[PDB]
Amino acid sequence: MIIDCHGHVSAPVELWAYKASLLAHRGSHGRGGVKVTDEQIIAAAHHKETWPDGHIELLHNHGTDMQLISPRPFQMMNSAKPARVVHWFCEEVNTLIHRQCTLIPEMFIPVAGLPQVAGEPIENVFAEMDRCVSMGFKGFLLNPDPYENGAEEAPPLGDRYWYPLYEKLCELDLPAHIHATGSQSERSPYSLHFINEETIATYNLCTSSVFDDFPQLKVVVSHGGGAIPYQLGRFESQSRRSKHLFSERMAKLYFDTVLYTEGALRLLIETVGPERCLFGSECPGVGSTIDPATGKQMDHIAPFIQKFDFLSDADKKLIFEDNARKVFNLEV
């Protein structure tokens, strides 16, 4: 089967309007909540939106059997004020994801957002983590830049600021899925910021003692590791002057395959190996456009991996299902 480890929820429009209202009244109306029926939640999974077809229909067309769906990260407003609206919105998105996966369990598997508020101790996400565990969530999006490309930044991922979360994630045996959210920069919009933040996050993890202190910590880096597999040589070289090689820490990391060129997919898999690659596509999303020279949708990338002749059938099964099943603790 094909399990896509990187999708984002197709939600009723009510969800995004709830965000706008929270921001407008800043909590003066209280928490309230998203009011949508089960029927509206299902309808949202079939609605075209800005894509060539509905979310469910696209996954069928591409041969994807199941997809792990998480919040749309660019909406999660981790730098917004007041803090409570960040928490409330994150909670409502997760609840909506839970409902949709309960209504469409044949296709969608829930992955949670963390209510990271820029500057708050990381322990402030633990209550929502626990609620999500109880709801059957299988992982958590981890944002290395809750400041959303502002004047300030958070500590690097090797900093002890993050250690309470790594400890909890190991206790749960659930993964962190590195994913930045928004960007306040006119130079780097959010879709580019994703990549730069994946690069910084991966670099931090491969030049610190995180995996010495948390040998079982499971981290999936989005978008084939940002720049890292392409730029690995220079960071490996610089690490020869140091304690442990960059590559020896990088070996601990998982990477998803959200890359829309064959050459990039080849380099990722040849660099980190089929044992550390999880098929993911972000479909529907950024890549849901047609190449006019081939007619293929750019985020229909499973065929590239199926056709790679340097991979065995066993390797392909790792990438398409077994790694996700292990990393996200998916049961038969």
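Counting begins at 1, following the sequence as shown.
For the two regions 248-256 and 234-242, the entry's Cα B-factors average higher over 234-242. Averaged over their C-alpha atoms, the temperature factors of 318-326 and 20-28 are higher for 20-28. Considering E171, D145, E128, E152 together, the PDB entry gives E171 the largest C-alpha B factor. Annotation for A83: C-alpha temperature factor in the middle third relative to the rest of the modelled chain, per the entry. In this PDB entry, the Cα temperature factor of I195 sits in the bottom third of its chain's modelled residues, the lowest group.
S208: CA B factor in the middle third of modelled residues in this chain (values from the PDB entry).
Among all modelled residues in its chain, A293 ranks in the highest third by Cα B-factor. The entry lists a Cα temperature factor for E275 that places it in the middle third of the chain's modelled residues.
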